[PDB]
Amino acid sequence: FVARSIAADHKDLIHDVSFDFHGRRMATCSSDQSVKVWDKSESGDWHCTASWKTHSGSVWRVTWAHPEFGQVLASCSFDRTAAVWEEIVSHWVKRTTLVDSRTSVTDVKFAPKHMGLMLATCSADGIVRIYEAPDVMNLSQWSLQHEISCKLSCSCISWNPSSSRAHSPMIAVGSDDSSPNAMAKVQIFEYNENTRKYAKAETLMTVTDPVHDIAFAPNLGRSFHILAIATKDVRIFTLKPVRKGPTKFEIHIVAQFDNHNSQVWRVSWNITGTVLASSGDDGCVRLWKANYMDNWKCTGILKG
Amino acid sequence: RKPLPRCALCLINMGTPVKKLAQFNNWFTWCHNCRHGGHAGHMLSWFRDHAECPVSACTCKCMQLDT
Amino acid sequence: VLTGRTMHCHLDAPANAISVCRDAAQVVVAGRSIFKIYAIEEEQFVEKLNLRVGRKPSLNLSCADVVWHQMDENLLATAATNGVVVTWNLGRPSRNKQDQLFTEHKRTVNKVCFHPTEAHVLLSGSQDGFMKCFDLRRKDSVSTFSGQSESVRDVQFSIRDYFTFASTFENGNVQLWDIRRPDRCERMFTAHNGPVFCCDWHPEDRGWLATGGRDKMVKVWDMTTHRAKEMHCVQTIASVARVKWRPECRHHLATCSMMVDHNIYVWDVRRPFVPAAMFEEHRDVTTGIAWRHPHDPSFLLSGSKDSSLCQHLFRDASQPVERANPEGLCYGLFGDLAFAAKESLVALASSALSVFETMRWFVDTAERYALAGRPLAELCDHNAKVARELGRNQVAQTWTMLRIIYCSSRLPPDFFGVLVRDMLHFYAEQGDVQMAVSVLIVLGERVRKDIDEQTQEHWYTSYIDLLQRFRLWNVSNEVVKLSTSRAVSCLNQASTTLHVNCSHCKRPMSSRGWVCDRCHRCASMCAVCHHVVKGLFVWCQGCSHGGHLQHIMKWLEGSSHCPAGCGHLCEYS
Amino acid sequence: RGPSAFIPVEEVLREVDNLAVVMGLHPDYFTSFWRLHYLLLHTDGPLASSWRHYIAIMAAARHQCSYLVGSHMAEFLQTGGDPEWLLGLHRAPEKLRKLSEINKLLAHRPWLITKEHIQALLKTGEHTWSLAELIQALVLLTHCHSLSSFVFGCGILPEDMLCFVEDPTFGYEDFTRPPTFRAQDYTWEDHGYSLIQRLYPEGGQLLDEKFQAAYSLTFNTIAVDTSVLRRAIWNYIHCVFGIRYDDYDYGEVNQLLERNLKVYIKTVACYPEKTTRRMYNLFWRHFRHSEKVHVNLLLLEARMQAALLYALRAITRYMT
Ligand SMILES: [Zn+2]
Ligand SMILES: [Zn+2]
Ligand SMILES: [Zn+2]
Ligand SMILES: [Zn+2]
Ligand SMILES: [Zn+2]
Ligand SMILES: [Zn+2]
Ligand SMILES: [Zn+2]
């Protein structure tokens, strides 16, 4: 549709942009070790309302939390740390700092609201950790609960946003290392209510080129799961549980598009889980949709 | 340091700091007969089109007891 | 010129110093339990000498620094932890190569230095505070300087100027002396917040320095004017131990850390935020670095604290600039799109934010739908009229058809009982849970015992969350009130009860009543109209006063005072 | 009759409300100590408050200090603690009954702490620790130990323990009865400050500010300079625990320290429950009463620094 420019005033590259739960605030992070927060006025113009130095290295990702716990943000950096910020009555203060990593921390993600207040982080050494805050009234007491260990270097993580009581929690983690061999780059871990531990569930064998981002889809009504991957091309998968250890899935493939003729960097679904947006090296954003015959077309080409 | 009671419409805990700094729409409000509370703006908006306590399984016409 | 490849060798003990001579073929490794000389031939390291032969484990050989002269290929000088400075004379007949053992320092010595041209000068800095200047032919004796700051850390002789040397102190100051006037320094200024570990001069400029400290910072200073000015500033992720300028490229540096970090970085001072290269071969903290030749910018030697010594090739590093993600992307709630990308792919150090202004039916259907209050037929007709007026025809036909099926021999008792379920699942699979939930609430009990208990919960929860995103609490609470499942119905019942007390007697009040049990006074007095409040009561948490919901609201839009008159500004405005 | 059983009441009048008045005789140090205490025990942080007071109770009960244990249990009851926890160690959860092994070593024999203890504490399971959660506990334990030592050393009057401790008969054994820690391979100022700042910043800043207040504290009646005998006492107490400096000549220790003081130091440090009035009066007979407090402050600082350096070296060896 219509495109309007924003004056970021960042001294280096921007690595992430995130919206909030009510859709009227936005956060941007850059390699000048800074974080900015933007607000939208009645006239429909975005203007900055805060900016403060956050880490001592490049900041990769920044994410919001549910408004039930307050106005909370999380960040990850090249200096092997993760921080939690809150807004009190207006400046932002630091609440915690997680320093267990030995290498650069690459992604950070908040858990869906019905599990509580949980956070998951991923490193370049192949270790994924899950934290928790047992008492919401103190946002400075986190406690480590689980620790998974993959065989390769992680680059992205994603939670399952389903809210059903027949689905157990699961998280998908992807790699980015380029090796002369041919090993699977995407793995899925599932929770076991009986043994109280995360266990391996499936492995996406077909994916062999390096991965850059993955994203589940907002369920809202269904009995199966949809996953999107941003490799050299765009791929979309489907996982449907089988009737009743880890649950058994039937993995298929439903879409593959090489329309970018480049490397795909980012993917993003929408609020209803029906339209997929992808960005590539050419510099264009593309939109994908599916009809009632389960074919995935294109819907628009947005160019900057 | 334990949670204060939560609003019956937005399900978010009540509180007030102690430009405006504590506006009217975020004050406490409660029925004096059934003791069910909420934000001032939320309850003002609710009691325009309905007449019954927002909490489930309640019976008060919490606004007709005065007018 | 020179030729070689990446290689490494394993030592016997950790090393914490290094030095190279004007042949680019020899190197010295010193430490607490090792003092050797190696050779860089073409493919490997070969170990020629071992200057610890005659092993009397004196504490005079626990070296902290070592330098090699660049006029005579035979002089060497180490600094020990006792306070001794030893000068070695390699070209000597005997097996031992010791020459002199100056012992004028009381505490630990940290650094030693040689003059670039005059091959009889030494400069030593110790932990006491003073720095001495020996003369290696025993004439004219020593000359002592005093800094009056703290333990000194580094000492360097200027490359262009003949008589000037620099110093770095633990409090954070940098002084500048001349060796023909050991009475007062020629400058002083505060550089870092804390100890300053290293300094270096520019091989080509005339007044350019480079200091590194414990506050994780690297600064470049200009000294051609009367006051020191700071041009650049590199912010690393750990404390800095060594800083060296690259040959022939006047905007490059090399740093290693003193803790936590094992890498070796090469920075460009015109891009201080991202390193231009990084060598990550070692497995412990790096202690010493040195460029091989002053005229070949492609060779670097390092010695670490894992008993290892390596040579690095610049064309084999791990460049992290061209290994990163150049863009970000997010989808909004109202249909907006946010896209930021590099300025080299769209139209190499900036980005370009842009929002694209790419669900009114949801918010218009939510408000206008009727769920309870009247019987089935009129509810169905109302919903059908709404859907038709919005433009959705199939939904309207579904609403109309749902009336003929219920609100009306014969057809068998439940002939359509297996089609409404399929319709509900059909609507819920596409992501339209609004229709399914509305139909479930309207029908009530004729479709209830057909859908599994864990599917109604999923459908209700998704709808409630979607409604709460758009900030429609009336519809959300209406759904919660008439929900068919107990778990959803019990959502606005947990912790929504308030406890109120009488402020005269400080006693709890009974659950239903407006008169205190002991004071026998009414406490729900309106602060404006002075009547009894039996319904809704507004309250101020600052001065503990309030009244009727619509009385205080009107009073507070004309004044800014508590109506009870206690001198409070209840909105703080 | 007043504050301290050793210092006469008239001296205190002329020169936890008792410790604060006996330690107030050196104003520039009291402020720093109170700041660190407020940060460590009252400000919000990675651990809960009740857990912090329980850690203080466990640490003070090693040296059998009634004062601190009583004060800290009184505080723990009023912050929301479980009264059931005060019956013994065996009623507490299996996350505080892991620090009980590092407790003894930090209190009695610091030189035996290795990286395997850290690995045992941080090993994955059902009840684990994080790095921040554990670096706070270490500092808390050292702080309580040193405070107990000072309290017993100055002889403070008031105004069970065997149930809070495992292995009650460990005690101290002399070092010479293990490699030596050279104080130039791992120094606080160059090595420990950076690590403690990265893992716990505010605490590191406060500890470095408190270390520099116990160095600039002059001695009035010496008779070389104040900087000499201070170095002597500091080096002696460090050498007791197994740290040897390379530059220092150790002969001057006897020529500068009376043989009576050399026993008071060791008694108050290693076994602070056996200190008595006669010991307090034997050394420095004809000197002012405000110097036998400065000696105690120096000793406290030295014990803290030794224990912290050993623990930090262990953590660095683990993480490398
Ligand atoms: Zn009521
Ligand atoms: Zn009610
Ligand atoms: Zn509310
Ligand atoms: Zn009363
Ligand atoms: Zn009134
Ligand atoms: Zn008032
Ligand atoms: Zn008021």
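Residues numbered from 1 in each chain as written, not as in the entry; some residues may be left out. Chains lettered and ligands numbered in written order. Part of a larger assembly, values for the part shown. Heavy atoms only, no water. Residues with missing side-chain atoms left out of burial classes, pairs and counts.

Per the deposited record, the coordinates in this entry were obtained by cryo-EM to a resolution of 3.41 Å.

Student: Describe the overall build of chain D, listing the residues and the values that go with them.
Tutor: When helices and strands are tallied, chain D shows 15 helices and 2 strands. Over its C-alpha atoms chain D spans a radius of gyration of 19 Å, differing by no more than 12% from the 20 Å that the globule rule assigns to 320 residues. (Helix = DSSP H or I, 4+ residues; strand = E, 2+ residues; numbered from the N terminus. Rg over C-alpha atoms; globule rule 2.2 N^0.38 Å.)

Student: I'd like a rundown of the sheet that holds strand 11 (residues 118-123) of chain A, residues and numbers included.
Tutor: Residue and element names in this part refer to chain A. In space, the 4 strands of this open sheet follow the order 10-11-12-13, with antiparallel pairing throughout. If you trace the sheet from one side to the other, it starts and ends with strand 10 (105-110) and strand 13 (143-149), each paired once. Averaged over all pairs of adjacent strands, the angle between strand axes in this sheet comes to 20 degrees, irrespective of strand direction. (Pairing = 2+ DSSP bridges. Axes fitted to C-alpha atoms, helices over the stretch in contact; angles between N-to-C directions.)

Student: Tell me about the interface of chain B and chain A, residues and numbers included.
Tutor: Taken together, the 5 residues of chain B in the interface contact 4 residues of chain A. Looking at side-chain class alone, the side of chain B that touches chain A contains 4 nonpolar, no polar and 1 charged residues. (Contact = heavy atoms within 4.5 Å. Nonpolar A, V, L, I, M, F, W, Y, C, P; charged D, E, K, R; others polar.)

Student: How would you explain unusual backbone geometry if you had to name every residue and give the values?
Tutor: Even without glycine at this site, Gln-33 of chain A takes up a positive phi of about 55 degrees. Following the sequence through the fold, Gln-33 of chain A ends up in the loop between strand 3 (25-30) and strand 4 (34-40). Although it is not a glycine, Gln-64 of chain D sits at a positive phi angle of roughly 60 degrees. With respect to the helices, strands and loops of the structure, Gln-64 of chain D is situated in the loop between helix 4 (49-60) and helix 5 (66-77).

Student: Can you tell me about the interface of chain C and chain A, naming the residues and giving the values?
Tutor: Opposite the 52 residues of chain C that make contact, chain A presents 61 residues. Secondary structure elements with two or more residues in the side of chain C that touches chain A: strand 29 (328-331), strand 30 (337-342), strand 31 (351-356), helix 4 (420-429) and helix 6 (453-469) of chain C. Top contributing element to the side of chain C that touches chain A by residue count: helix 6 of chain C, with 8 residues. When its residues are assigned to classes, the side of chain C that touches chain A shows 27 nonpolar, 16 polar and 9 charged. In the sheet, strand 1 (residues 3-6) of chain A pairs with strand 31 of chain C via 4 bridges, with the strands oriented antiparallel. If you follow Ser-5 of chain A over to strand 31 of chain C, its bridge partner there is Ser-354 of chain C.

Student: Which residues make up the pattern of salt bridges, and what values do they have?
Tutor: A salt bridge links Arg-266 of chain A to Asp-16 of chain A; the nearest nitrogen and oxygen atoms lie 3.2 Å apart. A salt bridge links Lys-210 of chain D to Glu-301 of chain D; the shortest N-O distance between them is 2.1 Å. (Salt bridge = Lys/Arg side-chain N within 4 Å of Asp/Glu carboxyl O.)

Student: Go over the pairing of strand 19 (residues 225-230) of chain A with me, naming the residues and quoting the values.
Tutor: Residues and elements named next belong to chain A. Relative to strand 19, strand 18 (residues 213-216) is paired through 4 bridges, and the arrangement is antiparallel. Residue pairing for strand 19: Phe-216 is matched across the bridge by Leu-227. Across 6 bridges, strand 19 lies against strand 20 (residues 234-241) in antiparallel orientation. In the sheet register, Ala-228 faces strand 20, and the bridge partner there is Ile-236. Linkage of strand 19 to strand 20, two consecutive antiparallel strands, is achieved through a turn of 3 residues.

Student: Go over the packing of aromatic side chains, please, and point to the residues and values.
Tutor: Residue and element names in this part refer to chain D. Arranged with centres 5.5 Å apart and planes meeting at 25 degrees, the rings of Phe-6 and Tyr-280 form a pair that is stacked. On the numbers, 5.2 Å between centres and 65 degrees between planes, the contact of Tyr-248 with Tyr-250 is edge-to-face. Each member of the aromatic cluster is reached from another via a ring pair, and the members are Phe-6, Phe-219, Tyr-264, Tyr-280, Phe-283, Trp-284 and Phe-287. For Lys-95, the ring lying beneath its charged end belongs to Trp-129, and the centroid distance is 5.6 Å. The positively charged end of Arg-109 is found above the aromatic ring belonging to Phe-170, 4.2 Å away from the centroid. (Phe/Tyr/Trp six-rings, centres within 6.5 Å; stacked < 30°, edge-to-face > 60°. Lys NZ or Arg CZ within 6 Å of the ring centre and 35° of its normal.)

Student: So what's going on with the sheet that holds strand 22 (residues 240-245) of chain C? Which residues, and what values?
Tutor: All names here are of chain C. The sheet built from 4 strands is open, its strands ordered 22-23-24-25 with antiparallel pairing. Looking at which strands have only one partner, the edges of the open sheet turn out to be strand 22 and strand 25 (277-279). Taking the axes of each pair of neighbouring strands and ignoring which way they run, one obtains an average angle of 20 degrees across the sheet.

Student: Help me get a handle on the arrangement of the chains, residues and values and all.
Tutor: Out of 5 pairs of chains that touch, the pair holding the most contacts is chains A and C. In this structure chain B stays clear of chain D, and the shortest span between their C-alpha atoms is 10 Å.

Student: Please give an account of the packing of helix 9 (residues 188-199) of chain D against helix 10 (residues 201-211) of chain D that cites residues and values.
Tutor: Residue and element names in this part refer to chain D. For the pair helix 9 and helix 10, interaxial distance at closest approach is 6 Å and the crossing angle is 145 degrees. Of helix 10, the residues touching helix 9 (which contributes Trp-188, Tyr-193, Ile-196, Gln-197 and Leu-199) are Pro-201, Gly-204, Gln-205, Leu-207, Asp-208 and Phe-211. Among the residues making up the contact of helix 9 with helix 10, the classes are represented as 7 nonpolar, 3 polar and 1 charged.

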